[PDB]
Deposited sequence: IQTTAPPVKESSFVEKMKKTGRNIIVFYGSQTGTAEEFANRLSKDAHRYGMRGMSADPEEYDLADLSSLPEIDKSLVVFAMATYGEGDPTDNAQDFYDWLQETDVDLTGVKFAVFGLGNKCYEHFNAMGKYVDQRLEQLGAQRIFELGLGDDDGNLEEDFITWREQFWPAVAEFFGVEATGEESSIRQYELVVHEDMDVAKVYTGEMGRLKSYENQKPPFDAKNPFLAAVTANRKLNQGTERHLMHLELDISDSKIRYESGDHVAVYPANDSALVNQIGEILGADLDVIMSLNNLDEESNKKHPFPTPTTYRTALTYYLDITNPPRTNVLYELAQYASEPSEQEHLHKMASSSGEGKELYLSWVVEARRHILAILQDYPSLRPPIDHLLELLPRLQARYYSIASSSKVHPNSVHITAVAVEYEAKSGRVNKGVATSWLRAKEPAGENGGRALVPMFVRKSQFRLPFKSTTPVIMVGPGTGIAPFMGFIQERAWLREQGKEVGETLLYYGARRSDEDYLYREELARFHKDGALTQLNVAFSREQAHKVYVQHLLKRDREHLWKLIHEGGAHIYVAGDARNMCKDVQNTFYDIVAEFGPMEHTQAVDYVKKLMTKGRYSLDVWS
């Protein structure tokens, strides 16, 4: 991953004095970082956001060479509280370097979901580490939260941070400064225009290994079917064919897919703006001396950008709102949009409840504020990149070597906005028909969710709802280990659904596995076949005695998947009580015991929200 030259020098030659780095894997930290970088303007200073992977942080010690220099970090934490992929490099350096950062002014804003254990472990580490190296914190450590409203935590922090910096450096506060320039292309050859590929032009038709995030492999959907018997929701099973892709994976890994936005939605946005979505165009950084020449693959059409490259369904951030206000001919509306940036008062309230709460996407806002009619080109520059969506492979590669399986629930809910929101990836995937050739752009991502190495070790799997997913690959694999002739320890599944005739995923397959003996136990909690709720943990508590046996002496591995919100957190506490009672020990020591399994690789997680 060839590094760019000294970022300090890039600042010198560009007149910059502040730089923001992002530890972003889904784009959050990256937009904050850009927003932050943009702000520099308001105070006679100039900034720049940058991926830390592309640079060499050892150069922080050269940062003092620039007057009123400052460096911000917007790191995001990942599973078990580790650096984001792009920050891994920087993380190790901080863990080895002893370079003197005397003179370095810095501030850290951490993006971490509070209901996470290592709530912002990364951001804390960087805040604390740059200090030990001799740098001086210029503003308190920010600890944004994804479970509440990171967007507000970011604004609270943002409004306080800048004054501090201006106060400190002693500068006063200073106009829509567009970042790109529109260039319409008219006769341009069709063979050189992007039509949805993520990387090199034509890479989707001319598929060529290796296949990663930047050059995904379009696998053909060979099976797409309804898994739940009932009709309240739509739970599906898909099978992607990775034949001839040289792609490798193991049960417990994730598969990432790049989706396409709803054609109807994209059509309405262009319609309500009175724009021709078929105009081929390009957007080039107005800042000739910038690394990001284009906000997304160009030349391309507006239709193609809204469909494959942009996020047109999540609630717009306050910064986007504020920038749009100037385009609302009706005063009271312009004022509303402006006041969405507000840190307090009814401004911050209107935003939290009318935008975030109601789940109003870009189109909804355009419709609910009829005087708002921004020019398409500027709007595209403000919207964020469409992110890939991850899924837990529901197959064992030892069994389905040329197939990757997906277990997903289609997202479709009622927003308070009054309309029906559709999940981007799940709607798209649900629509893919084996077409007797439906292609899904994708790539695999290694994880640390792994069955034991000694096939004889006991395996306790807890995965209600769509959390079964990884476990199907696990079971197929332990079912196969027996067939081979190997000795397989106990395999216990703890699963849950609402009703056995509603959404009992893989009811047949799991019955077979149980009959054969691949499943030592198949405990299923139907939370809705009776007045009171019965969940997987209730079953874990029931079987406390036996489970402690498999744990304290059997050396069993525990795996929890599915809801990260509360199903786990209850399942985690249920393990605490098991341990506390069958040890025995006091609660506090049960918690240590369990926590020690998590670090010894005997307690794993694959949970999402």
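Next on the checklist: Please give the gaps, as residue ranges numbered from 1 in the deposited sequence, where no C-alpha is present.
Outcome noted: No C-alpha coordinates exist for 1-6, 181-183, 446-449.
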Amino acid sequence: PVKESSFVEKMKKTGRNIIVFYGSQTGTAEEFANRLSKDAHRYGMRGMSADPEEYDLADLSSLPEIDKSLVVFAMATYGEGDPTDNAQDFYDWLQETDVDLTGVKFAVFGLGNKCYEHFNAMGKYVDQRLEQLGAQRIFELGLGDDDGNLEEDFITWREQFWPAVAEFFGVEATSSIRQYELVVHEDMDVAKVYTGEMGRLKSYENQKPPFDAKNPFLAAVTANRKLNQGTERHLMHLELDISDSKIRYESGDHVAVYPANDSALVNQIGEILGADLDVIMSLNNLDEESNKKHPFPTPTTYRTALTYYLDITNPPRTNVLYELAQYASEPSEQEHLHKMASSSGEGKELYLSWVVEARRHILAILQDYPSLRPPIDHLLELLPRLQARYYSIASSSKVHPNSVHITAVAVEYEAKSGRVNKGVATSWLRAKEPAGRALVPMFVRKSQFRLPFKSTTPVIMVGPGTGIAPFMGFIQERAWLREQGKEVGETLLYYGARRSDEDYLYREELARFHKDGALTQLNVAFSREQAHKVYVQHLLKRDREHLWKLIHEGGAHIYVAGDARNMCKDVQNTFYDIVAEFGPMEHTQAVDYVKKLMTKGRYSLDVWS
From here on, numbers count along this sequence of modelled residues.
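Item to check | Residue stretch of maximal mean CA temperature factor, 506-514 vs 405-413 | outcome: Between 506-514 and 405-413, it is 506-514.
Next on the checklist: Using only C-alpha atoms and the B-factors in the entry, which stretch averages higher, 139-147 or 250-258?
Outcome noted: The deposited B-factors put 139-147 ahead on the C-alpha mean.
Checklist entry - Highest Cα B-factor in the PDB entry belongs to which of 153, 311, 271, 239? => result Max CA B-factor in the entry, restricted to 153, 311, 271, 239: 153.
Item to check | Top residue by Cα temperature factor, when 442, 76, 497, 265 are compared in the entry | outcome: Each of 442, 76, 497, 265 was compared by C-alpha B-factor; the highest is 76.
Next on the checklist: Please say which third, lowest, middle or highest, residue 189 falls into when its CA temperature factor is compared across its chain.
Outcome noted: As the PDB entry reports it, the C-alpha B-factor of residue 189 lands in the highest third of its chain.
Checklist entry - Going by the entry, which third of its chain does the Cα temperature factor of residue 562 land in? => result For residue 562, whose C-alpha B-factor we compare with every modelled residue in the chain, the answer is the lowest third.
Item to check | Position of residue 418 among the chain's modelled residues by C-alpha B-factor, lowest, middle or highest third | outcome: For residue 418, whose C-alpha B-factor we compare with every modelled residue in the chain, the answer is the lowest third.
Checklist entry - With respect to C-alpha B-factor, does residue 83 fall in the lowest, middle or highest third of the chain as deposited? => result Top third by C-alpha B-factor.
Item to check | Ranked C-alpha temperature factor of residue 351 among modelled chain residues, by third | outcome: Tercile = middle for this residue's CA B-factor.
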